[PDB]
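These notes are about the structure you will find just below.
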Amino acid sequence: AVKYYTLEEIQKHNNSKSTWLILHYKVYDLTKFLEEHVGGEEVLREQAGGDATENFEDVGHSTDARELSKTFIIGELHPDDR
Ligand code: HEM
């Protein structure tokens, strides 16, 4: 099964308690990853609650980072908001 979230819902997850963001229409819960990110937590907090696909691709993440990112996926963006 697949869980779909709307932009309205995702936008609410941008506080000290929860950090979500969108990458290629998939929703990632990075709340517990913030402090482990070698690229820092500041760059993640700034994108919280929205689509960070361009910024993610602009820095050119390695294959290992992309494979790891999959562990944080909690769903996808609702088709109606795409
Ligand atoms: C979705 C989970 C993500 C994972 C698992 C992840 C993982 C990593 C890892 C392992 C690196 C080291 C370099 C590499 O292996 O490519 C890295 C560097 C970096 N990441 Fe991420 N990243 C994620 C999301 C993001 C996002 C959304 C942004 C931007 C909004 C971001 C910005 C950066 C920056 C700025 C660097 C450092 C680049 C440099 O030093 O030149 N990352 N990330």
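By order of appearance in the structure tokens: chains A, B, ..., then residues from 1 within every chain, and ligands from 1 in the order shown.
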_With only C-alpha atoms as the counted atoms, please give the residues lying no more than 10 Å from residue 69 of chain A, apart from itself and same-chain residues fewer than 3 positions off, as a ChimeraX atom specification._
/A:23,28-30,33,63-66,72-73
Task: helix (DSSP H, G or I) call set, DSSP backbone run, chain A, as a list in words - done: residues 7, 8, 9, 10, 42, 43, 44, 45, 53, 54, 55, 56, 57, 58, 63, 64, 65, 66, 67, 68, 69, 70, 71, 72, 79, 80 and 81 of chain A
Atoms kept (N, CA and C atoms) for selection, written as a PDB file, in the first residue's frame:
```pdb
ATOM      1  N   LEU A   7       0.153  18.707   0.374  1.00  0.00           N
ATOM      2  CA  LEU A   7       1.086  19.785   0.677  1.00  0.00           C
ATOM      3  C   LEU A   7       0.698  20.458   1.990  1.00  0.00           C
ATOM      4  N   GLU A   8      -0.605  20.575   2.227  1.00  0.00           N
ATOM      5  CA  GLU A   8      -1.123  21.212   3.441  1.00  0.00           C
ATOM      6  C   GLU A   8      -0.653  20.499   4.703  1.00  0.00           C
ATOM      7  N   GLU A   9      -0.668  19.172   4.664  1.00  0.00           N
ATOM      8  CA  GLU A   9      -0.239  18.345   5.788  1.00  0.00           C
ATOM      9  C   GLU A   9       1.260  18.426   6.035  1.00  0.00           C
ATOM     10  N   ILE A  10       2.033  18.285   4.963  1.00  0.00           N
ATOM     11  CA  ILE A  10       3.492  18.309   5.035  1.00  0.00           C
ATOM     12  C   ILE A  10       4.038  19.630   5.578  1.00  0.00           C
ATOM     13  N   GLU A  42      21.233  22.810   9.453  1.00  0.00           N
ATOM     14  CA  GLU A  42      20.707  24.099   9.021  1.00  0.00           C
ATOM     15  C   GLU A  42      20.111  24.039   7.609  1.00  0.00           C
ATOM     16  N   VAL A  43      20.794  23.357   6.693  1.00  0.00           N
ATOM     17  CA  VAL A  43      20.319  23.250   5.318  1.00  0.00           C
ATOM     18  C   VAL A  43      19.025  22.432   5.219  1.00  0.00           C
ATOM     19  N   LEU A  44      18.811  21.531   6.170  1.00  0.00           N
ATOM     20  CA  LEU A  44      17.600  20.714   6.166  1.00  0.00           C
ATOM     21  C   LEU A  44      16.433  21.492   6.775  1.00  0.00           C
ATOM     22  N   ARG A  45      16.685  22.177   7.886  1.00  0.00           N
ATOM     23  CA  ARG A  45      15.639  22.957   8.536  1.00  0.00           C
ATOM     24  C   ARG A  45      15.060  24.029   7.617  1.00  0.00           C
ATOM     25  N   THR A  53      13.748  19.110  -3.748  1.00  0.00           N
ATOM     26  CA  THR A  53      14.348  18.328  -4.825  1.00  0.00           C
ATOM     27  C   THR A  53      15.475  19.028  -5.585  1.00  0.00           C
ATOM     28  N   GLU A  54      15.252  20.266  -6.015  1.00  0.00           N
ATOM     29  CA  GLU A  54      16.287  20.989  -6.758  1.00  0.00           C
ATOM     30  C   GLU A  54      17.551  21.197  -5.926  1.00  0.00           C
ATOM     31  N   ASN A  55      17.379  21.619  -4.678  1.00  0.00           N
ATOM     32  CA  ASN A  55      18.518  21.853  -3.796  1.00  0.00           C
ATOM     33  C   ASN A  55      19.279  20.558  -3.537  1.00  0.00           C
ATOM     34  N   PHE A  56      18.536  19.465  -3.413  1.00  0.00           N
ATOM     35  CA  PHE A  56      19.108  18.146  -3.169  1.00  0.00           C
ATOM     36  C   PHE A  56      19.966  17.701  -4.355  1.00  0.00           C
ATOM     37  N   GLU A  57      19.444  17.908  -5.558  1.00  0.00           N
ATOM     38  CA  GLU A  57      20.146  17.532  -6.774  1.00  0.00           C
ATOM     39  C   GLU A  57      21.287  18.486  -7.103  1.00  0.00           C
ATOM     40  N   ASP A  58      21.121  19.756  -6.748  1.00  0.00           N
ATOM     41  CA  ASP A  58      22.142  20.759  -7.021  1.00  0.00           C
ATOM     42  C   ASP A  58      23.473  20.427  -6.350  1.00  0.00           C
ATOM     43  N   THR A  63      25.749   8.065  -4.498  1.00  0.00           N
ATOM     44  CA  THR A  63      24.849   6.926  -4.571  1.00  0.00           C
ATOM     45  C   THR A  63      24.564   6.384  -3.174  1.00  0.00           C
ATOM     46  N   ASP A  64      25.583   6.361  -2.317  1.00  0.00           N
ATOM     47  CA  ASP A  64      25.401   5.866  -0.957  1.00  0.00           C
ATOM     48  C   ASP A  64      24.389   6.701  -0.174  1.00  0.00           C
ATOM     49  N   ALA A  65      24.456   8.022  -0.316  1.00  0.00           N
ATOM     50  CA  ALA A  65      23.528   8.906   0.383  1.00  0.00           C
ATOM     51  C   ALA A  65      22.100   8.676  -0.104  1.00  0.00           C
ATOM     52  N   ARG A  66      21.932   8.513  -1.414  1.00  0.00           N
ATOM     53  CA  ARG A  66      20.605   8.279  -1.982  1.00  0.00           C
ATOM     54  C   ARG A  66      20.018   6.951  -1.512  1.00  0.00           C
ATOM     55  N   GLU A  67      20.855   5.920  -1.416  1.00  0.00           N
ATOM     56  CA  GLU A  67      20.378   4.617  -0.958  1.00  0.00           C
ATOM     57  C   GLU A  67      19.929   4.717   0.495  1.00  0.00           C
ATOM     58  N   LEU A  68      20.677   5.474   1.287  1.00  0.00           N
ATOM     59  CA  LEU A  68      20.339   5.640   2.693  1.00  0.00           C
ATOM     60  C   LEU A  68      19.051   6.436   2.876  1.00  0.00           C
ATOM     61  N   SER A  69      18.867   7.469   2.059  1.00  0.00           N
ATOM     62  CA  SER A  69      17.679   8.313   2.155  1.00  0.00           C
ATOM     63  C   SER A  69      16.377   7.523   2.106  1.00  0.00           C
ATOM     64  N   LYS A  70      16.376   6.390   1.411  1.00  0.00           N
ATOM     65  CA  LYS A  70      15.158   5.589   1.302  1.00  0.00           C
ATOM     66  C   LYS A  70      14.599   5.093   2.637  1.00  0.00           C
ATOM     67  N   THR A  71      15.452   4.975   3.652  1.00  0.00           N
ATOM     68  CA  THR A  71      14.994   4.498   4.956  1.00  0.00           C
ATOM     69  C   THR A  71      14.068   5.497   5.636  1.00  0.00           C
ATOM     70  N   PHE A  72      14.130   6.757   5.207  1.00  0.00           N
ATOM     71  CA  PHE A  72      13.308   7.811   5.807  1.00  0.00           C
ATOM     72  C   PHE A  72      11.990   8.115   5.088  1.00  0.00           C
ATOM     73  N   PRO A  79      -1.398  12.849  -5.582  1.00  0.00           N
ATOM     74  CA  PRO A  79      -1.453  13.163  -7.012  1.00  0.00           C
ATOM     75  C   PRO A  79      -2.116  14.506  -7.311  1.00  0.00           C
ATOM     76  N   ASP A  80      -3.163  14.843  -6.562  1.00  0.00           N
ATOM     77  CA  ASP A  80      -3.872  16.103  -6.792  1.00  0.00           C
ATOM     78  C   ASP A  80      -3.028  17.347  -6.547  1.00  0.00           C
ATOM     79  N   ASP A  81      -1.960  17.210  -5.765  1.00  0.00           N
ATOM     80  CA  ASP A  81      -1.085  18.347  -5.480  1.00  0.00           C
ATOM     81  C   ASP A  81       0.156  18.393  -6.359  1.00  0.00           C
TER      82      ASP A  81
END
```
Set the distance at 9 Å and use only C-alpha atoms: which residues neighbour residue 78 of chain A once local chain neighbours fewer than 5 positions away are removed? I'd like the list as an mmCIF file with C-alpha atoms, in the first residue's frame.
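Output saved as part-v3.cif:
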```cif
data_model
loop_
_atom_site.group_PDB
_atom_site.id
_atom_site.type_symbol
_atom_site.label_atom_id
_atom_site.label_comp_id
_atom_site.auth_asym_id
_atom_site.auth_seq_id
_atom_site.Cartn_x
_atom_site.Cartn_y
_atom_site.Cartn_z
ATOM 1 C CA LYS A 3 0.252 6.541 1.950
ATOM 2 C CA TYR A 4 -0.389 9.888 0.227
ATOM 3 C CA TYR A 5 0.076 13.241 1.973
ATOM 4 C CA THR A 6 -1.093 16.672 0.823
ATOM 5 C CA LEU A 7 1.086 19.785 0.677
ATOM 6 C CA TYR A 25 7.352 13.404 -4.910
#
```
Judged by only C-alpha atoms, the minimum distance to residue 59 of chain A among A:77, A:34, A:39, A:13 is found for A:39
Using only C-alpha atoms, the best pick from A:52, A:2, A:62, A:41 as closest to residue 16 of chain A would be A:41
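Atom 41 (O, counted along the ligand's line) of ligand 1 lies 27.2 Å from atom CA of residue 17 of chain A.
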